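Asks:
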Amino acid sequence: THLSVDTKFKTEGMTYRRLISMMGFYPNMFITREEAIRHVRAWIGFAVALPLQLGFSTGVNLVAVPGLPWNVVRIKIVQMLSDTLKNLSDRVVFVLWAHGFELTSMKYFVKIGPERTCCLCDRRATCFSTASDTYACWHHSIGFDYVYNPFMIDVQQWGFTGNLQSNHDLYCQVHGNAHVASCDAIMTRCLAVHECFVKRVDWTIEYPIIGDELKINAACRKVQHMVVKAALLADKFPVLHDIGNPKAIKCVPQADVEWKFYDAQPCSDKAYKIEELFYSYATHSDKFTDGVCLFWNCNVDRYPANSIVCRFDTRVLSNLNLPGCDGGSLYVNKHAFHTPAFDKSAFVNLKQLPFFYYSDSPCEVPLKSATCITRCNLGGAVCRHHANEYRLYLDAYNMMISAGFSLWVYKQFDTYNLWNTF
Ligand SMILES: Cc1c(S(=O)(=O)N2CCc3[nH]ncc3C2)cc(C(=O)NCc2c(F)ccc3occc23)n1C
Ligand SMILES: Nc1ncnc2c1ncn2[C@@H]1O[C@H](CSCC[C@H](N)C(=O)O)[C@@H](O)[C@H]1O
Ligand SMILES: [Zn+2]
Ligand SMILES: [Zn+2]
Ligand SMILES: [Zn+2]
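In full-length UniProt numbering, the protein residues as written are 5950 to 5962, 5974 to 5985, 5994 to 6017, 6030 to 6046, 6081 to 6378, 6391 to 6448.
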């Protein structure tokens, strides 16, 4: 269920019931680690540095004075949160490294109470207007001055000796402490992301559809089938090493090849078919010498020369792609996939895969393309079926590239060998 307000609160930075009274006030504003993970799209780092500097993981800094007026500050906060979260989440989770002072400040821009709905839609209310005594979601908050029923978590309560700086810098070299509140907010959210996502994928947690997930995923799998099918025809590899496949599902089930599975974290139910292995170039550059390695979004330090690779570019701006640890990003599409920083040095043994369509299937505005590898294109004019399938494939390839995925292949790959298959 929820985080019982009885639960003790480690005071080195007492219970939650006590703490809420001290702060100046949905059984609890604080939620479990498990619930925070489910609502990762809602995470906003929050820190405070007598005029107060308010800092958020969006890099925004606001100063209020008893700076700027509180009535102006509280409007800017609702606007910023509404803008950041309206397409991501139905809520906000403030991510804290709790020093005491940030919890004190919430009374000035936060209101709590029972769960309520937007005056304009069926969505849960995230904002309140003192001026009109009305409740809004993130989409309908244009006037509004108070954050309504925000959730929060203190990362210190997960058992960290040392300060924020020392623990953040253990796993991340990308966020330097320029002595301001936003930098602490950024570092704190980074640390929480490290603790919750970097170690492994949680297959059991699924995230709602918020954009083009289904089309992106369908297109990626079409391209995966085409490319691995094509490579196996072209170079006739006796064995495929599928590195980072924890479910033991072949993308080409018909393929005449020995299909070997590996993963750092194989699913229990298929572990019998999958070798536990953590691939690093430094520890396996002399291994998997036979056949071809498939790294379908298996984001290792460096790929060996005999690879087929799909990799997501962490720099891509998308509602699916959240800021991550150490130049990486957290790609939330069905599940949450922490991705290491896109680094070109990883692809040094490979080349970019060129576009093509290949079909050995039976034949059935005329198409003139060297990239349509079909029986009919070999003989002058392309058949209506293969011309149609070509256009559907080009659509899928374009969907995959715009979604931020890139394709790499062993340097000796060529479509010449696919022309020979006819
Ligand atoms: C968006 C997505 C990807 S990804 O595009 O490869 N990726 C995102 C980018 C990224 N960054 N760091 C890791 C990843 C993985 C994989 C899956 C998935 O659910 N995979 C289960 C799965 C297997 F694990 C194995 C075979 C299988 O066939 C059919 C499903 C299946 N999803 C929903
Ligand atoms: N260095 C590494 N060596 C082996 N497996 C790794 C790895 N880094 C990540 N993984 C595994 O890579 C997978 C990425 S998600 C699943 C991707 C899979 N190829 C697909 O088509 O869906 C996870 O199962 C993860 O445990
Ligand atoms: Zn609304
Ligand atoms: Zn960081
Ligand atoms: Zn044809």
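Don't be surprised by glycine CBs; every beta carbon is placed ideally from N, CA and C.
Specify whether the stretch 6003 to 6010 and the stretch 6342 to 6357 touch according to this definition: at least 3 beta carbon pairs, one from each stretch, less than 8 Å apart.
Replies: Flag = yes, the stretch 6003 to 6010 and the stretch 6342 to 6357 touch.
Asks: With a threshold of 16 other CB atoms inside 10 Å of the CB of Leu6030, please say whether the residue is buried or exposed.
Replies: So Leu6030 ends up on the exposed side.
Asks: Assign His6349 to one of three DSSP states: helix, strand, or coil.
Replies: Looking at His6349 - three-state DSSP - the assignment turns out to be strand.
Asks: Would you call the CB atoms of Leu5952 and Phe6014 closer than 8 Å?
Replies: It is not a contact, given that the beta carbons lie outside the stated cut-off.
Asks: Express the C-alpha separation of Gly6338 and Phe5958 in angstroms, rounding to a whole number.
Replies: Between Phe5958 and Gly6338, the C-alpha separation is close to 27 Å.
Asks: Between the C-alpha atoms of residue 5993 and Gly6430, what's the straight-line distance to the nearest angstrom?
Replies: Examination of the chain shows a numbering gap from 5985 to 5994; residue 5993 is inside it and therefore has no coordinates.
Asks: Between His6239 and ligand 1, is there a pair consisting of the residue's CB and a ligand heavy atom that are separated by less than 7 Å?
Replies: The answer is no for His6239.
Asks: Which whole runs of the beta strand (DSSP E) in the stretch 6226 to 6297 are 3 residues long or more, in chain order?
Replies: Fully enclosed beta strand (DSSP E) runs of 3 or longer: 6253 to 6257, 6272 to 6277 and 6288 to 6290.
Asks: Below 7 Å CB to CB, which residues in the same chain sit around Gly6081 once its five sequence neighbours on both sides are set aside?
Replies: Cβ neighbours of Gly6081 beyond the five flanking positions: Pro6031.
Asks: Using C-beta distances below 7 Å, list every residue in its chain close to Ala6195, excluding the 5 sequence neighbours before and after it, in chain order.
Replies: Only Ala6015, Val6016, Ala6017, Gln6033, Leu6034, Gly6035 and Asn6041 meet the Cβ criterion.
Asks: Mind the definition here: the stretch 6318 to 6326 touches the stretch 6393 to 6406 only if three or more C-beta pairs lie below 8 Å; say whether that holds.
Replies: These segments do not touch.
Asks: Closer than 7 Å from C-beta to any heavy atom of ligand 3: which residues, in chain order?
Replies: Answer in sequence order: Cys6132, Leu6134, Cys6135, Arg6137, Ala6150, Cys6151, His6153 and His6154.
Asks: Name the DSSP bridge partner or partners of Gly6035?
Replies: Paired residue(s): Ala6015 and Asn6041.
Asks: What is the residue span of the beta strand (DSSP E) that residue 6387 lies within?
Replies: Any structural detail on residue 6387 is unavailable, because the chain resumes at 6391 straight after 6378.
Asks: Taking the C-alpha atoms as reference points, what is the distance between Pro6046 and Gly5962?
Replies: Cα to Cα, the separation comes out at about 25 Å.
Asks: Is it buried or exposed, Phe6115, if we count other Cβ atoms within 10 angstroms and call 16 or more buried?
Replies: Counting Cβ neighbours within 10 Å, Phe6115 comes out exposed, since fewer than 16 surround it.
Asks: Alpha carbon to alpha carbon, how far is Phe6369 from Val6408?
Replies: The alpha-carbon atoms of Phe6369 and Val6408 are separated by roughly 18 Å.
Asks: CA-CA distance, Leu6254 and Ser6037?
Replies: Rounded to whole angstroms, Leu6254 to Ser6037 spans 43 Å at the Cα level.
Asks: Confirm the yes/no value for this check: CB of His6349, any heavy atom of ligand 1, distance under 7 Å.
Replies: Yes - ligand 1 has a heavy atom lying nearer than 7 Å to the Cβ of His6349.
Asks: Express the C-alpha separation of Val6242 and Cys6234 in angstroms, rounding to a whole number.
Replies: Approximately 12 Å between the Cα atoms of the pair.
Asks: For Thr5960, tell me which candidate among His6113, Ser6103 and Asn6085 has the shortest Cα-Cα distance.
Replies: Nearest of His6113, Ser6103 and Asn6085 to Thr5960, Cα basis: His6113.
Asks: According to DSSP, is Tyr6185 part of a helix, a strand, or is it coil?
Replies: The answer is coil: DSSP assigns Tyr6185 none of H, G, I, E or B.
Asks: How about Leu6393 and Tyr6416: are their beta carbons less than 8 Å apart?
Replies: The answer is yes: Cβ separation under 8 Å.
Asks: If I follow the unbroken beta strand (DSSP E) through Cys6307, where does it start and stop?
Replies: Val6306 to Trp6310 is the extent of the beta strand (DSSP E) around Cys6307.
Asks: Use the C-beta contact count for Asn6446: other C-beta atoms within 10 angstroms, 16 or more gives buried, fewer gives exposed.
Replies: With fewer than 16 other Cβ atoms within 10 Å, it is exposed.
Asks: Examine the Cβ distances between the stretch 6302 to 6312 and the stretch 6280 to 6288 and report whether three or more of them are shorter than 8 Å.
Replies: No contact exists between the stretch 6302 to 6312 and the stretch 6280 to 6288.
Asks: Quick one: what's got a C-beta closer than 6 Å to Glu6289's C-beta in the same chain, skipping five residues either side?
Replies: Excluding positions up to five away in sequence, the list reads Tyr6276.
Asks: Going by DSSP, what residue range makes up the beta strand (DSSP E) through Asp6168?
Replies: Per DSSP, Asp6168 belongs to the beta strand (DSSP E) from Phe6165 to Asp6168.
Asks: Among the candidates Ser6428, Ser6375, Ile6089 and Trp6084, whose CA atom is the shortest distance from the CA of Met6240?
Replies: Of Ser6428, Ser6375, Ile6089 and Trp6084, the residue nearest in Cα terms is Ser6375.
Asks: Per DSSP, residue 5973 forms a beta bridge with which residues?
Replies: Regarding the residue in question, residue 5973 is not represented: the chain runs 5962 and then 5974, omitting everything in between.
Asks: For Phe6211 and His6412, what's the separation of their Cα atoms in angstroms?
Replies: So the two alpha carbons sit approximately 42 Å from each other.
Asks: Are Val6237 and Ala6422 closer than 8 Å when you measure CB to CB?
Replies: Yes, they are a contact pair.
Asks: Less than 8 Å separating the beta-carbons of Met5983 and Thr6118?
Replies: Yes, they are a contact pair.
Asks: Flag this pair as yes or no: are the beta carbons of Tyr6160 and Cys6141 separated by less than 8 Å?
Replies: Yes; because the gap between Cβ atoms is below 8 Å, this pair is in contact.
Asks: Run through DSSP, which three-state label would residue 5972 get?
Replies: No atoms of residue 5972 appear, because in the chain residue 5962 is followed directly by 5974.
Asks: Quick check on this structure: which residue in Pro5995, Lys6358, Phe6251 and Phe6351 has the alpha carbon closest to the alpha carbon of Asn6335?
Replies: It is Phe6351 whose Cα lies nearest to the Cα of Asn6335.
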